[PDB]
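Chemist: If you're matching them up, the sequences are chains F and Y in order. Take the first sequence: its letter number 301 is residue 302 in UniProt numbering, and every next letter is one higher. Take the second sequence: its letter number 353 is residue 355 in UniProt numbering, and every next letter is one higher. Every residue, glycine too, gets a C-beta built ideally from N, C-alpha and C. Take this structure, written in structure tokens, and hold onto it; I'll ask about it next.
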Amino acid sequence: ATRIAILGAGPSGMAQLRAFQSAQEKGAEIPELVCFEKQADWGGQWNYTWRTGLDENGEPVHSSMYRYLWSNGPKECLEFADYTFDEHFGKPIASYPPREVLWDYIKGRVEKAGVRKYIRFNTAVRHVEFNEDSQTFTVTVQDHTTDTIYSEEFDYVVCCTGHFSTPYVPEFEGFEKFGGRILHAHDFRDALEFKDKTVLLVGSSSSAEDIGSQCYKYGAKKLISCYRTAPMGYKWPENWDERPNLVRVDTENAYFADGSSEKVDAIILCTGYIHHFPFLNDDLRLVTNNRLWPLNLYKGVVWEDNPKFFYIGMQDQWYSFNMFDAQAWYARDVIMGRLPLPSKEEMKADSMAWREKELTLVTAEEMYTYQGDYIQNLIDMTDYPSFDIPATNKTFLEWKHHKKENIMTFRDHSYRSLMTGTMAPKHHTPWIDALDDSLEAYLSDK
Amino acid sequence: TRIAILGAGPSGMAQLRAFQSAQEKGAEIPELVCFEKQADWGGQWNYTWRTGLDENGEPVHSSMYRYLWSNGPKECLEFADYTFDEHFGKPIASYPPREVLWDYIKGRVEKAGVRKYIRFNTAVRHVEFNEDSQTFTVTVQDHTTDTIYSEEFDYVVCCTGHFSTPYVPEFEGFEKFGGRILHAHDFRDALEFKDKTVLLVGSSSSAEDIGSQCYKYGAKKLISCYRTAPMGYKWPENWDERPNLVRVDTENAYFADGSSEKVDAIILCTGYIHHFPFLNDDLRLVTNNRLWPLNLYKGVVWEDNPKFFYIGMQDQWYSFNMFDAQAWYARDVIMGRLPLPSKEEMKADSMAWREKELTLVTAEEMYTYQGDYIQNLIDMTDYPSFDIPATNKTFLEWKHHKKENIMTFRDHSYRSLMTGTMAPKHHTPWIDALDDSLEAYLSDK
Ligand SMILES: Cc1cc2nc3c(=O)[nH]c(=O)nc-3n(C[C@H](O)[C@H](O)[C@H](O)COP(=O)(O)OP(=O)(O)OC[C@H]3O[C@@H](n4cnc5c(N)ncnc54)[C@H](O)[C@@H]3O)c2cc1C
Ligand SMILES: Cc1cc2nc3c(=O)[nH]c(=O)nc-3n(C[C@H](O)[C@H](O)[C@H](O)COP(=O)(O)OP(=O)(O)OC[C@H]3O[C@@H](n4cnc5c(N)ncnc54)[C@H](O)[C@@H]3O)c2cc1C
Numbered sequence: 002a003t004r005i006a007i008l009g010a011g012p013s014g015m016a017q018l019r020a021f022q023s024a025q026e027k028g029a030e031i032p033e034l035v036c037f038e039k040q041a042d043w044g045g046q047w048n049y050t051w052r053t054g055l056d057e058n059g060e061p062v063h064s065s066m067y068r069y070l071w072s073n074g075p076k077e078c079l080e081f082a083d084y085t086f087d088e089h090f091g092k093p094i095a096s097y098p099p100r101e102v103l104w105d106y107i108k109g110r111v112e113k114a115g116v117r118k119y120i121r122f123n124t125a126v127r128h129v130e131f132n133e134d135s136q137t138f139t140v141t142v143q144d145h146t147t148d149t150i151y152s153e154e155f156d157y158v159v160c161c162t163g164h165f166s167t168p169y170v171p172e173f174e175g176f177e178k179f180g181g182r183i184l185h186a187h188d189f190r191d192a193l194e195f196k197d198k199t200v201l202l203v204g205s206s207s208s209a210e211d212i213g214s215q216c217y218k219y220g221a222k223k224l225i226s227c228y229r230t231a232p233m234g235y236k237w238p239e240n241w242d243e244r245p246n247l248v249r250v251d252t253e254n255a256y257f258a259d260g261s262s263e264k265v266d267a268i269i270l271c272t273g274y275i276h277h278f279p280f281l282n283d284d285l286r287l288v289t290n291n292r293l294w295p296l297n298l299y300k301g302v303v304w305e306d307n308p309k310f311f312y313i314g315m316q317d318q319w320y321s322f323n324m325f326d327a328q329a330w331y332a333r334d335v336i337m338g339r340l341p342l343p344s345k346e347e348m349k350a351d352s353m354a355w356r357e358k359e360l361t362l363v364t365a366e367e368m369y370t371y372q373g374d375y376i377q378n379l380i381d382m383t384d385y386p387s388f389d390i391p392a393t394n395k396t397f398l399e400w401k402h403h404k405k406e407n408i409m410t411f412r413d414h415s416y417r418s419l420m421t422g423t424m425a426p427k428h429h430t431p432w433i434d435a436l437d438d439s440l441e442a443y444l445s446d447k
Numbered sequence: 003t004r005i006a007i008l009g010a011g012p013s014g015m016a017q018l019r020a021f022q023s024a025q026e027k028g029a030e031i032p033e034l035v036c037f038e039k040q041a042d043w044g045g046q047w048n049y050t051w052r053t054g055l056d057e058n059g060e061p062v063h064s065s066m067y068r069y070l071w072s073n074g075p076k077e078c079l080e081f082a083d084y085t086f087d088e089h090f091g092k093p094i095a096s097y098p099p100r101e102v103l104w105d106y107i108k109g110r111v112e113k114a115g116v117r118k119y120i121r122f123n124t125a126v127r128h129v130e131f132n133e134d135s136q137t138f139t140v141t142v143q144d145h146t147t148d149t150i151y152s153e154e155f156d157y158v159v160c161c162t163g164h165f166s167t168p169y170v171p172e173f174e175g176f177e178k179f180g181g182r183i184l185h186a187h188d189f190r191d192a193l194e195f196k197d198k199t200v201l202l203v204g205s206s207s208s209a210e211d212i213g214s215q216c217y218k219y220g221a222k223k224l225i226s227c228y229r230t231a232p233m234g235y236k237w238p239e240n241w242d243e244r245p246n247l248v249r250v251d252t253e254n255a256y257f258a259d260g261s262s263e264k265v266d267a268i269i270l271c272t273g274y275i276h277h278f279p280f281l282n283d284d285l286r287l288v289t290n291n292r293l294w295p296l297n298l299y300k301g302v303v304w305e306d307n308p309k310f311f312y313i314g315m316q317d318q319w320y321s322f323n324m325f326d327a328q329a330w331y332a333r334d335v336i337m338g339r340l341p342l343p344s345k346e347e348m349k350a351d352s353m354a355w356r357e358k359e360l361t362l363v364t365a366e367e368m369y370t371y372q373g374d375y376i377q378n379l380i381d382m383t384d385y386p387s388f389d390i391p392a393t394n395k396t397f398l399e400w401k402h403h404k405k406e407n408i409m410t411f412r413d414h415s416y417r418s419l420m421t422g423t424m425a426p427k428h429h430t431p432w433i434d435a436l437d438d439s440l441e442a443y444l445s446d447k
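Okay, here's the thing in structure tokens:
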């Protein structure tokens, strides 16, 4: 019998299981499924934890998610094609819900799917080895409930371990002497810790502007954004300055490429992440910068040096959940034989075509349209329910318009569901005043 | 014949030094490869501002913080082959700051010429034993080149430490607590807690010293809670002693009293686990922190596989001298200088050490035991003997001084067990000595 190892029970791992399960509901015979997850519960990034650095078992803490996090884009842009917001909540909700709400929603689908049973929680994957003699993988894991290390054999391996958890943490001169907190976006947890403080935000990611927004929204004295990249275009609040790149700091102050100086209390490095898989050797290890099209991934999923090994969600994410679904539905169908693979040379070449296309992209719009086209190519091949991608692209377009209008009020906008045509209403509380991030307070009429 | 040494901390340096001191005397040593994940040696002593994961994605190793000073008297760890007098050339006080002790440790290891064996910025991924080969496969990631490579070795000596991977227990409410929660492992700079109420959970040397560090640098209040036995230390006025924590809310802690108090930050000083993600269970040491872990014959030899070794995996009352003793022994086992008893015999010997370990109650007995342990390992090798009883005496002097006044024990002096000279009082009292640099400590300030 065929056995599949699914590494991670985040949205990608949840999608992979949901993919096989939906096919089983259709009457098809599926392979055995084993999903390994180092946390105690599913949700991946979305499973909030107070912990930082290393976890209860000594494993690097996975979630980079913080308190007061709300949907970064329109919820309409991440809605499942097979499990609507209407089906789960039973009513309309605003367009940018808090983390817990989007956690509830993603848990809802897999709970209904009945896939929890395939997952071995509290279990860290240690090593994945491809045996040439038998054409199978040995997957070595550490079960922290039993405190035992074991391995099993698998025919296919789908890696869903994410790529926003191992931080890229560059050093600047003076860091050793600095009297205040220095952390990466990854350790950022509670904006209250920075109340009445001057927080330096180093680098230019999407989290940079959001972490800043949370610190602003919860009473930080001042916010300083410094970055070597192009102006973001966003007009910030009164107590929010921009600077060119950081050069050094001392016991108290930050010094800039500007020639300028300033007192800062905490430094938050929003410098991004690295694709890090310490459980893989180089034959299987994906190595790439964070981008829309990494190489060595046929259809962005199939590992070209070993087409029995797969990666979900390893691309940078304009689209998220339904990309993972599209990806997992494709991976399923390749595993199940429903879609035979071309030659390695043919795969390599198809991948190069997607790569050259990527290098020609010069606008935000070209980028998510590109990824939207990649998703279209994926769902065309399988029985994943198709949805209006071009209309998703317009919703994204609207979202970037709303960001440019006012960077602090973009979450007060509402959008039309592309799955059901349901119009999201204005939330009861405007973002800047919605200090309570609970699912209970959000779904309330109060 | 090849040896892999995992870690370039004091234990890995001890193991490298052992082989270089067989060579220096006139022997034919095996090939040495020392893998180190940091960019430099020192282990705990290589201080970093970093927390959680390092620049490469590896767990930050060091648990050491700004303004850290020698835990005990420097006399108790003085190297026989390399005295404090030789290194510095002048007399110094008995509790030097990290930087000064680091200059000292660095000193001896540089004059040993062993750096050439160490591949830095290299993290050990996996170690496997091949029955058919009777040799170990050590897979590694080299972060300078981003390359993962396997190499074969005849013996492995694991020196990856056990004070870096935290035991981090959760309390009810932690999720909603509005202040910082960090482990002792993440503690870096006491300045961050100026004018703040800090809760310290758990009992250890570091709990005491982290609190002291916060107190010295201007914390508004400190609160110590634990389940273990109190020492009855005479704490300051703004230092509070409470029974175990039960709960926290947005800003308040709740104790077994039923009493509550607002706290700005919580520092979990709850110890560490022996964590070896590079090993399978065939090789992997499983133990709580104690004087006598099992499956370690003479505390060093892995009993299920005699060709695999652990250094410094015991709880540390003695430190550097223990590693040296353990390193010397392991070297002589590796070099065929000492034959091993059968698995049945090794386990008998280890059982007796464990029975004696469970009888130990007092500080005095703990030192004696580990003292006696090191003596046993020293007698089997060409390692120079030292005055263990006098070291214990000096250790006990220090614990008595802690009990007199926890805030002043570092101002006391002790007699060098190498020169017999009484160390001079330091130019600045500890509570006023805010500058922790080597330069400030060595000058006439
Ligand atoms: C700060 C932040 C904010 C974000 N906000 C949004 C947003 O607002 N909207 C949006 O659409 N997307 C957002 N994202 C993007 C996010 O990546 C996706 O929403 C989604 O979480 C990706 O799912 P994933 O399963 O592919 O990866 P992850 O969510 O990271 O899941 C990886 C899983 O694998 C597990 N794992 C990793 N290593 C091992 C191991 N060795 N052994 C066992 N298990 C392992 C982890 O525990 C985890 O469960 C955000 C990301 C970050 C970092
Ligand atoms: C906070 C603190 C304060 C202390 N103060 C004192 C003191 O004042 N006096 C005293 O005598 N002792 C003190 N100690 C005891 C201390 O453990 C020893 O001094 C000494 O550092 C132990 O050395 P070690 O080499 O066995 O382990 P470590 O010093 O912990 O070093 C282990 C080395 O292995 C490396 N490593 C681990 N895993 C890997 C991997 N997978 N791949 C590659 N490399 C790896 C690490 O980088 C590290 O360098 C203190 C300990 C702590 C935690």
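1. Who are residue 311 of chain Y's beta bridge partners in DSSP?
2. How is residue 316 of chain Y classed by DSSP in three states: helix, strand or coil?
3. For residue 61 of chain F, which three-state DSSP category applies?
4. Listing by chain order, which chain F residues have their CB less than 7 Å from the CB of residue 403 of chain Y?
5. Quick one: what does DSSP say residue 335 of chain F is sitting in, helix, strand or coil?
6. State buried or exposed for residue 192 of chain Y, treating a residue as buried only when at least 16 other CB atoms are found within 10 Å of its CB.
7. Compare the C-beta of residue 304 of chain F against all C-beta atoms of chain Y and say whether one is closer than 7 Å.
8. Helix, strand or coil for residue 110 of chain Y? Go by DSSP, reduced to three states.
9. Could you tell me whether any Cβ in chain F is nearer than 7 Å to the Cβ of residue 234 of chain Y?
10. Can you tell me which of the three DSSP states residue 147 of chain F falls into?
11. Count the other CB atoms, across all protein chains shown, that sit within 10 Å of the CB of residue 300 of chain F; report buried if there are 16 or more and exposed otherwise.
12. So for residue 409 of chain Y, helix, strand or coil by DSSP?
13. Alpha helix (DSSP H) containing residue 355 of chain F: first to last residue?
14. Kindly indicate which residue of Y:24, Y:99, Y:230 has the alpha-carbon position closest to the one of residue 72 of chain Y.
15. Under 9 Å Cβ-Cβ, which residues of chain F neighbour residue 51 of chain Y?
16. Is DSSP giving residue 239 of chain Y helix, strand or coil here?
17. Who does residue 418 of chain Y pair with in a DSSP beta bridge?
18. Output yes or no for whether 7 Å exceeds the beta carbon distance between residue 46 of chain Y and residue 23 of chain Y.
19. DSSP on residue 385 of chain Y, reduced to helix/strand/coil?
20. Leaving aside the five residues before and after residue 62 of chain F along the sequence, list all residues of the same chain whose C-beta is less than 7 Å from its C-beta, in chain order.
21. Check whether the stretch 35-46 of chain Y touches the stretch 110-123 of chain Y, counting contact only when three or more Cβ pairs, one atom from each stretch, lie closer than 8 Å.
22. From residue 338 of chain F to residue 248 of chain F, what distance separates their C-alpha atoms?
23. Report the rounded CA-to-CA distance for residue 222 of chain Y versus residue 182 of chain Y, giving the unit in angstroms.
24. When the Cβ atoms of the stretch 385-405 of chain F are set against those of the stretch 315-329 of chain F, are three or more pairs found closer than 8 Å?
25. Which word fits residue 115 of chain Y, buried or exposed, when buried means at least 16 other C-beta atoms lie within 10 angstroms of its C-beta?
26. Would residue 48 of chain F be called buried (16 or more neighbouring beta carbons within 10 Å of its own) or exposed?
27. Can you pull the chain F residues whose beta carbon is under 7 Å from the beta carbon of residue 275 of chain Y, in chain order?
28. Note down, in chain order, all residues in the stretch 286-297 of chain Y with a beta-carbon under 9 Å from any beta-carbon belonging to chain F.
29. Taking the straight line between their C-alpha atoms, what separation do you get for residue 1 of chain F and residue 204 of chain F?
30. Output the residue ranges of the beta strand (DSSP E) runs that lie fully inside the stretch 2-39 of chain F and measure 3 residues or longer, sorted by chain position.
31. Hey, could you find the ends of the alpha helix (DSSP H) residue 80 of chain F is sitting in?
32. Please confirm whether residue 370 of chain Y has its beta-carbon closer than 7 Å to some beta-carbon of chain F.
33. On the DSSP bridge list, what partners appear for residue 71 of chain Y?
34. Can you tell me whether residue 257 of chain Y is helix, strand or coil according to DSSP?
35. With residue 9 of chain F and residue 107 of chain F assumed to form a contact (beta carbons below 8 Å), what rounded beta-carbon distance in angstroms separates them?
36. Along chain F, which residues have their Cβ under 8 Å away from the Cβ of residue 194 of chain Y?
Modeler: Result, derived from the coordinates:
1. BP columns for residue 311 of chain Y point to Y:159, Y:303.
2. coil
3. Reduced to three states, the DSSP call for residue 61 of chain F is strand.
4. Within chain F, no residue comes near residue 403 of chain Y; the closest Cβ sits about 30 Å away, beyond 7 Å.
5. For residue 335 of chain F, the secondary structure class from DSSP, reduced to helix, strand or coil, is helix.
6. Per the 10 Å Cβ criterion, buried.
7. no
8. helix
9. no
10. Coil at residue 147 of chain F, not helix or strand.
11. That one is buried.
12. coil
13. 345-360
14. Y:99
15. Around residue 51 of chain Y, the beta-carbon contacts reaching into chain F at under 9 Å are 172, 176, 177, 178, 179, 183.
16. coil
17. Answer is none; residue 418 of chain Y lacks a bridge partner.
18. Contact: no.
19. coil
20. 50, 52, 53, 54, 55, 56
21. yes
22. 55 Å
23. 16 Å
24. Taking 8 Å as the limit for Cβ pairs, the verdict is that the stretch 315-329 of chain F does touch the stretch 385-405 of chain F.
25. exposed
26. buried
27. Within 7 Å Cβ-Cβ: 59.
28. 286, 288
29. Shown here, chain F extends from 2 to 447; a query on residue 1 of chain F therefore has no answer.
30. The stretch 2-39 of chain F contains these whole beta strand (DSSP E) runs: 4-8, 33-37.
31. First-last for residue 80 of chain F: undefined, no H or E at that position.
32. no
33. Y:99
34. Reduced to three states, the DSSP call for residue 257 of chain Y is strand.
35. Contact between residue 9 of chain F and residue 107 of chain F does not hold, since their C-beta atoms are separated by about 13 Å, which reaches or exceeds 8 Å.
36. 180, 181, 182
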